[PDB]
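So the structure is just underneath, and the comments pick up after that.
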Amino acid sequence: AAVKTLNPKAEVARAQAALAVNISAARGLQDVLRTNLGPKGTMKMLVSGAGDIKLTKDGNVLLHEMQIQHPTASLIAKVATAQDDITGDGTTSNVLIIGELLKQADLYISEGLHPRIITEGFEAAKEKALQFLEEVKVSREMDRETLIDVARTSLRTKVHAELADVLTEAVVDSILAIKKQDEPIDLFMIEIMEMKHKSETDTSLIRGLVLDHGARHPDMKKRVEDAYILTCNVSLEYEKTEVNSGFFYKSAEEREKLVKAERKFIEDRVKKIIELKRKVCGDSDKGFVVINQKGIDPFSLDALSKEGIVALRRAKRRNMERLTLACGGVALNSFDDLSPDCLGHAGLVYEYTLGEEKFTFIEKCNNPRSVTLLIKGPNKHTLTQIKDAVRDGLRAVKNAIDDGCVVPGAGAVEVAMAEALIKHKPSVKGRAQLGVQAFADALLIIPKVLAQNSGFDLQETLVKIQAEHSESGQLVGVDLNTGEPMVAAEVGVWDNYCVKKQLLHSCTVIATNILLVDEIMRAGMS
Amino acid sequence: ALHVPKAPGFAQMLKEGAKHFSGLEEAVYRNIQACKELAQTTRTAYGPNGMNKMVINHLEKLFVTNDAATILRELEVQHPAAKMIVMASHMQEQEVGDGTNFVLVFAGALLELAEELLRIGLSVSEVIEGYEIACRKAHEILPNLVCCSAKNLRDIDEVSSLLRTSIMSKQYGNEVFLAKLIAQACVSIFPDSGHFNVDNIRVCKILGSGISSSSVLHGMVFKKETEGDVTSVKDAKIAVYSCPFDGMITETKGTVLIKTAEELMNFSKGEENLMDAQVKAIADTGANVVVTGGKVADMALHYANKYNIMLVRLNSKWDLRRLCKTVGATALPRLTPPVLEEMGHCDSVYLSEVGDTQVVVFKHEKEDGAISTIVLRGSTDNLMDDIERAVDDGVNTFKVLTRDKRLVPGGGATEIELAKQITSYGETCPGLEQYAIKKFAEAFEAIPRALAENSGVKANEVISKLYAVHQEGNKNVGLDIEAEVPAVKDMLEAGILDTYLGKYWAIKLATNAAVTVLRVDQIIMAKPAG
Amino acid sequence: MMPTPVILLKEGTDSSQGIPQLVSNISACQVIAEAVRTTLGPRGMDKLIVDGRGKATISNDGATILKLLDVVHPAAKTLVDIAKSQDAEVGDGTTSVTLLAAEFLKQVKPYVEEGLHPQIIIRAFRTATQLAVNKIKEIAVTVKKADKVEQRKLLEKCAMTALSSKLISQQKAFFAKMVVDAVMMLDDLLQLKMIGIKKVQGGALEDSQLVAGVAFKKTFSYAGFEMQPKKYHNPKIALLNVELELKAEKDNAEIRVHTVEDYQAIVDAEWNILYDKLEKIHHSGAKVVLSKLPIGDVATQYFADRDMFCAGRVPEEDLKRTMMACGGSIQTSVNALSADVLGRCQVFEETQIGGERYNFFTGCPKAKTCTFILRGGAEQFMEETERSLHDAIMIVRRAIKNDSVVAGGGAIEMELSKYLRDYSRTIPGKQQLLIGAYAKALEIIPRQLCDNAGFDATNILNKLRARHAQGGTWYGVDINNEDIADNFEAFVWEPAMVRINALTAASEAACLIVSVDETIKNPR
Ligand SMILES: Nc1ncnc2c1ncn2[C@@H]1O[C@H](COP(=O)(O)OP(=O)(O)O)[C@@H](O)[C@H]1O
Ligand SMILES: Nc1ncnc2c1ncn2[C@@H]1O[C@H](COP(=O)(O)OP(=O)(O)O)[C@@H](O)[C@H]1O
Ligand SMILES: Nc1ncnc2c1ncn2[C@@H]1O[C@H](COP(=O)(O)OP(=O)(O)O)[C@@H](O)[C@H]1O
Ligand SMILES: [Mg+2]
Ligand SMILES: [Mg+2]
Ligand SMILES: [Mg+2]
């Protein structure tokens, strides 16, 4: 072709070649991801090049872990990655709707219709679908029951059913705990710690914090009941001078004096801590826990142990905020003027050893605006799966809270939007009615795949559901256990309005751009 | 995302080294580019001022010529569209013998203008329609452009003046001599019947001297020697045998079965007496020259020498047949003496030495016969081969004149008149066909343009002068190569003329080749073997 | 100059086009000329070339040298071809032709570089060639006396000139007399196969000789050949194409007998067949017997007992020469051996010639054939002697057929250069330059003579240009005096056809090379 006359080692896909390539890759991705959809979906096992195992049903994880080197697949993976970064859910449905839009558009483009006209119809249908979505969204007071139904709707798709019944309460309580009225939810304030010793149904919500380290002095207590928490960011180990200094002495006695003196600077901070401890705990009734974002040398650790303080070192820059929000003190970068008001309270602090690692629990706080989810499980891959699931569930509940509206699930909104688009089609001018029809039949891929995965006839189930929705007008979806139509709003199967809107927008746009691609070209080689 | 995959379908099912081109860009334009490159390779050889090329083929053989069809044959053209244009040029060479370079130039021009029209927005179908209607108009016009006719092909001055033009493009410096030679030969072998055979003009290329020492010979020349002792004969009574000059033997295995000392003693003497009887019967028929297509036996040669017979051995069977045509004899498959009709006659048969080469000459004295030979002298084998090609051009022109005696003016005069008239026809023809008609017309301008460029003058000034004179009314005016500046003159009065049939067939074949190249839309090459 | 998915020609096709290609062709021709320049003239040198097999050839002959050079340049092959053509048509001038062609090309090289149209150049070349040829034909000296002594003087002088460039120049009078006797004793056809040239290693050039007869080397004698005599004083000679030995009467012949009497009869019958052939040959009176076919030991001993001479496997050419010399015919049958078919010489002998034995037929008065016997100290010595004698013989033949002589040493070239300068000063001015270049090119022959001799070609050419414009046409280079001289009086004579064909061939080669504007090499 033209490009190969200038760069002989160039690869080129023109007009029909380009479209066939892109649609084929999209349909391949769709064929892989069709099985992820819904609670009746199948778990995939993924083995890295090192031999590491991942068990996932998550569309984004599956995408990034699959072994693919296709440009269209890269485009769609990036669109799904954005969907996940912003909403946390919707990647599988995103890929499926993209693939189905491309297929339904190829159906008409093979018959000589222009992709520009198909994309115009796509744009019209997108507009009408966004309108219908805004119309059908259910504005609801976000109560614990609604949030529980939402988090269940996500976790039951992502993990096993009993583990979903546990993680639902865990996630909803965590969000209802770190949430302040009319103030965007900072999900950073929900720590997620994994422990690898017990069953997966032991995953719980600690109304406090769990640090992945403990005290490094053996004489330090392993359990403290009524603890003053000092969150600090002050080095308690030996610090050398910025300017190169060095010590000069003429006698072993002078060397000894200099050895005792060189630590006075850090001894003073230890003395400040110890004096605060003595001033706030006049006896051994209460406890005192220092948590330092920086180091603590053995001398300081010994000095604090002698006074009965539990010192943890090299905490996390996020744990500074998490501790000041859970306990309720002030995080310090200096001990210039520290006061008892700088301290937090924890009604219990103790340590838990698991093989070679130690954990520190900080619980019984008063009203912690920061909590942690302790992911317990017997395997690293189980823990990873639960981590992904709780990410999905947290994003789901956060979005349901932010957008006080919530949309019915189980393909109900997709069916209804298809019907609305098909009734709207005549109002579209020209052969963009075919693009509208393609958009509608593409939206209809969610109930189709749900039925396919529950083990039902796609056409029969979809005709039943569309008939019920046209006869009654109720937003109805797939019952994955009987294949019958069911009212998602009545049975508690809810999706995120933000997720559906992002689906419509991003899927329409990327499908339009792919359809309008007319030449794939690799010519960067020297 | 670092590799573009082959699209599903034909792109994947295609074999390893196979190629597939489709559409105006990948197929049509690339074919037009290939044919344009071909026309460019052969353009600088067009006309009397055309320069020669020295093509070396894969066999390390050297060809020095400005004959388009020869150059094409000796080039290894590998692009299929160019191959098709070459097929057209070779068909022109076969049908007419001259005009291959016209075919190339015109086809390349038609294809360039077709590319232009496709770029301005016409469809290959419309271009082809317009090209076909314009070729039809050109064929309708040319008979009216015919200016003179031969009026006599038994003369030698008229025939020489007629062949001079065809033998001017090749061998421009020395064309009057060559036209004299070829006219002498053609009118010698031209029979009272209107049929003329080009194979009856033989060409003998002998090393030494130069083209001004070339001559015509009413008879035949063979780079052979005589088998026997006799070398000259003045009243030849030639007897021709397709069989060897030996005793006939059985086609089934023969065995000499001896059973007695007498048979053993007498066998060889009987064999020799038999051979003596055979050759004496041949000599007594009056034959003084015997020509055998097979081998000669020692005893038969002995007795031919005894009875004073000149023996000649022609290895080739075409050589034997042509000698028979020359002398009026019949090849006898048996060694039986020939009857009065089976014998041939020549006013002389002798052995001569032209240069280093020894030759046997069957020479008639009469200025006629069935075969004539042109003995080409020259200082180089390549030069003599080029002069032989020029001779072939002249002889094929003579045959074209025997077929159709009509002549059109050369030096671009007919081309300019055709361009003008077809432009005037396209200006009246409405619809999208007028663009293609006008481009077909402008294509004719490529001929005087190529003539001018090789003459060494400004082709645009030449073409403007020609258009002006043909507008004022002179249809026989073409360009003057004997002018350092752009000039023009009366092609008829100058005697520069082409053959109606030559132009007719050249136009037809060039148009058909271009139209086929355009009709191609997809190309599926296979993996080049090797 | 851009890549294409499918290329017009086969990958590897090298096309050189334009003024650079033409100038490169001219340069290649200059190289080819340089390869032979130093062989020109009496002070010319020989070249030693060696093949892949390691066999060396030593030659002064330009045609030979250029055939041996494995020239592959398509334009430089043309000079080799025209040297071949000159050796064919004339037999001398092979170096001159190449020098002249290359010098024409060199002289027109500047105008080619400055864009002068090759058609114009070739037109000028053709014009000047026709003029020079007609001028040679006009001023060539042709004595119209048909005197035999003057025609032998003429042939001897032309042969001495043709030989005054070889390694036999110190014996050129000797060898010229011999060459002249040879071509004057040939028949009207002047066949080259009728002059035999034997090369017997050993001996001196002056020990070489010409035999007014025929001579050939002894051919694989059997037992009894030494019992045969070796000198005959008036022998009759049987020339045969007959195998004389006990052999299968025929190859497809099968004898079948069922009796021992018939067996013995058959044996004796074979013997009687042979003996009858031998008895016919003996009764024909022939005392010498030559056969193109083998003569067995039985026949050898038969002839030895009859005191006859026999030689078998004699080569066909030597047999034909013996026939043309002694005056008989070659017989495939021995059944009619009449005196008309027998040959005759005054003396037959077998002598020793430098390690080899040679049969001599001498005394044939009706001989239309002669045989050269060349001596020398090396195979290549004798080969270059043979080539020199071939040059001289071809010269003498052409002179016999047309005794029209011009002078050498560059006299004729200087005369033609003067005439062409004169003619060019009378024409418009474009052809003027090219014909003047032709004229200046013609001066390459005396210039190269002076170069190879070790003179100042500039001063000598000034002298010649001056003396040819004052009146005087046969003034050329005098080699032994390092000066000029009237070469027609010095007897440096050259048949006109030599220079006529030299100019014709050189001009044709130049016109061809200059008409080529593109070279296209296909891949092998
Ligand atoms: N219990 C259920 N019954 C029917 N449909 C469900 C149920 N749970 C989830 N779904 C539907 O499955 C779809 C996809 O679920 P999921 O795979 O978790 O999200 P995504 O496909 O976006 O990653 C949702 O749109 C939801 O409507
Ligand atoms: N003396 C001349 N002046 C002008 N044009 C000439 C002359 N002689 C021949 N021509 C032109 O040269 C052309 C022939 O070129 P040539 O190389 O023979 O091409 P082709 O072999 O394909 O016909 C003819 O069209 C003729 O008009
Ligand atoms: N004795 C002589 N004196 C001067 N010039 C001579 C003499 N003999 C030959 N020549 C010149 O030498 C030139 C070339 O000699 P030679 O080498 O024999 O020619 P080629 O090699 O071409 O056959 C001739 O042109 C002739 O004029
Ligand atoms: Mg989900
Ligand atoms: Mg022609
Ligand atoms: Mg010489």
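All of this is worked out from the model, or read from it or from the source named; these are not laboratory values. When we count neighbours, we look across all protein chains shown, and the Cβ atoms used for this are built from the backbone with ideal geometry, even at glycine.
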ask   = Does residue B:154 qualify as being loosely packed, with under 14 Cβ neighbours inside 10 Å, away from ligand 5 (no atom under 16 Å from the Cβ) and within 25 Å of the chain's Cα centre (by Cα)?
value = yes
All positions within region B:340-356 that are touching a residue at least 24 places away in the same chain (Cβ under 8 Å) and outside any strand (DSSP E or B) = B:342, B:343, B:344, B:345, B:347, B:355, B:356
query = Looking at (1) of a type in the set (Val, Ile, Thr); (2) assigned to a loop (DSSP other than H, G, I, E, B); (3) in contact with a strand residue (DSSP E or B) (Cβ under 6 Å, 6 or more places away or on another chain), can you tell me which one residue B:457 breaks?
reply = (3)
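Can you pull out the helices (runs of 4 or more DSSP H) entirely within region A:1-101 that have at least 1 residues that are outside the structural domain of residue A:391 (by CATH) and touching a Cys at 6+ places or on another chain (Cβ under 8 Å)?
A:71-87
Enumerate the strands (runs of 3 or more DSSP E) found wholly within region B:256-324, keeping only those where 2 or more residues are under 44 Å from the mean Cα position of the chain (by Cα).
B:289-292, B:310-313
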query = Given the conditions (1) more than 9 Å from chain B (Cβ to nearest Cβ); (2) in contact with a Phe, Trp or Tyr (Cβ under 9 Å, 6 or more places away or on another chain); (3) surrounded by 15 or more Cβ atoms within 10 Å (Cβ to Cβ); (4) of a type in the set (D, E, K, R), and given that residue C:249 satisfies all but one, which numbered condition is not satisfied?
reply = (1)
request  = Could you look through region C:1-41, keep only residues that are more than 10 Å from every other protein chain (Cβ to nearest Cβ) and of a type in the set (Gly, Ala, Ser), and pick out the one that is nearest to residue C:408 (Cα to Cα)?
outcome  = C:41
inquiry  = For region B:69-101, give me each residue that is within 30 Å of residue C:22 (Cα to Cα), assigned to a helix (DSSP H, G or I) and touching a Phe, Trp or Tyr at 6+ places or on another chain (Cβ under 8 Å).
reply    = B:70, B:71, B:74, B:101
ask   = So which residues in region B:483-495 are over 17 Å from residue B:405 (Cα atoms) and part of a loop (DSSP other than H, G, I, E, B)?
value = B:483, B:484, B:485, B:486, B:487
message = Against the conditions (1) within 22 Å of residue A:173 (Cβ to Cβ); (2) free of Cβ contacts under 8 Å to residues at least 60 places away in the same chain, where does residue A:336 fall short? Just the number, please.
response = (1)
request  = Would you confirm whether any residue within region A:13-28 is within 29 Å of residue A:378 (Cα to Cα) and not aromatic (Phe, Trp, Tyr)?
outcome  = no
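Would you kindly identify the helices (runs of 4 or more DSSP H) lying entirely within region A:422-519 that contain at least 1 residues that are farther than 18 Å from residue A:407 by Cβ? Working first, answer last.
On the way: elements: A:433-443, A:445-454, A:458-472, A:488-491, A:497-515.
Passing ranges, in order: A:433-443, A:445-454, A:458-472, A:497-515.
So, in region B:167-208, exactly how many residues are within 30 Å of residue C:86 (Cα to Cα) and either more than 16 Å from ligand 3 (Cβ to nearest atom) or out of contact with any strand residue (DSSP E or B) (no Cβ under 9 Å at 6 or more places or on another chain) (or both)? Before the answer, list the steps.
Within region B:167-208, the subset within 30 Å of residue C:86 (Cα to Cα) is B:167-185, B:201-208.
Checking which are either more than 16 Å from ligand 3 (Cβ to nearest atom) or out of contact with any strand residue (DSSP E or B) (no Cβ under 9 Å at 6 or more places or on another chain) (or both) leaves us with B:167-185, B:201-207.
Summing the residues that are within 30 Å of residue C:86 (Cα to Cα) and either more than 16 Å from ligand 3 (Cβ to nearest atom) or out of contact with any strand residue (DSSP E or B) (no Cβ under 9 Å at 6 or more places or on another chain) (or both) in region B:167-208 gives 26.
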key: Verdict on residue C:85 being at the interface with chain B (Cβ under 8 Å from one of its Cβ atoms) and either away from ligand 2 (no atom under 16 Å from the Cβ) or surrounded by 21 or more Cβ atoms within 10 Å (Cβ to Cβ) (or both)   = yes
ask   = What do you reckon, is residue C:339 away from chain B (no Cβ under 14 Å), out of contact with any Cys (no Cβ under 9 Å at 6 or more places or on another chain) and surrounded by fewer than 21 Cβ atoms within 10 Å (Cβ to Cβ)?
value = yes
ask   = Taking region B:1-50, which residues are within 14 Å of chain A (Cβ to nearest Cβ) and touching a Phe, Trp or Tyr at 6+ places or on another chain (Cβ under 6 Å)?
value = B:27
key: Count - residues of region C:1-55 that are acidic (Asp, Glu), under 27 Å from residue B:54 (Cβ atoms) and either within 16 Å of ligand 6 (Cβ to nearest atom) or over 25 Å from the mean Cα position of the chain (by Cα) (or both)   = 2
query = Which ones in region C:49-86 are near ligand 3 (Cβ under 9 Å from one of its atoms) and not aliphatic (A, V, I, L, M)?
reply = C:60, C:61, C:62, C:86
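Conditions (1) touching a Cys at 6+ places or on another chain (Cβ under 8 Å); (2) within 14 Å of chain C (Cβ to nearest Cβ), marked per residue:
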{"site": "B:68", "(1), (2)": "no, yes"}
{"site": "B:72", "(1), (2)": "no, yes"}
{"site": "B:94", "(1), (2)": "no, no"}
{"site": "B:108", "(1), (2)": "yes, yes"}
{"site": "B:114", "(1), (2)": "no, no"}
key: residue B:471, sole failed condition from (1) of a type in the set (S, T, N, Q); (2) in contact (Cβ under 8 Å) with a residue 60 or more places away in the chain; (3) surrounded by fewer than 21 Cβ atoms within 10 Å (Cβ to Cβ)   = (2)
task = Considering only residues that are assigned to a strand (DSSP E or B) and among the polar types (S, T, N, Q), look in region B:368-405 and name the one that is nearest to the other protein chains (Cβ to nearest Cβ).
result = B:373
inquiry  = Can you find a residue that is more than 32 Å from the chain's Cα centre (by Cα) and assigned to a helix (DSSP H, G or I) anywhere in region B:496-509?
reply    = no
query = Does residue B:481 fit the bill of being assigned by CATH to the domain that holds residue B:452 and buried (at least 20 other Cβ atoms within 10 Å of the Cβ)?
reply = yes
Set C:44, C:54: member being away from chain B (no Cβ under 13 Å), at positive phi and either out of contact with any strand residue (DSSP E or B) (no Cβ under 6 Å at 6 or more places or on another chain) or in a strand (DSSP E or B) (or both) = C:54
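What tally of residues in region A:280-301 results from selecting those that are charged (D, E, K, R) and over 41 Å from the mean Cα position of the chain (by Cα)?
Number satisfying all stated conditions: 2.
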remark   = Here, helices (runs of 4 or more DSSP H) confined to region C:419-524 with at least 3 residues that are within 14 Å of chain B (Cβ to nearest Cβ) are C:430-442, C:496-515
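Residue-wise test of (1) more than 14 Å from chain B (Cβ to nearest Cβ); (2) among the aliphatic types (A, V, I, L, M).
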residue	(1), (2)
C:283	yes, no
C:288	yes, yes
C:296	yes, no
C:300	yes, no
C:320	no, no
C:323	no, yes
C:328	no, no
request  = Scan A:88, A:49 and give me the residue that is of a type outside the set (A, V, I, L, M) and away from ligand 4 (no atom under 16 Å from the Cβ).
outcome  = A:49
inquiry  = I'd like to know if region A:321-340 contains one or more residues that are over 30 Å from residue A:188 (Cβ atoms) and not acidic (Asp, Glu).
reply    = no
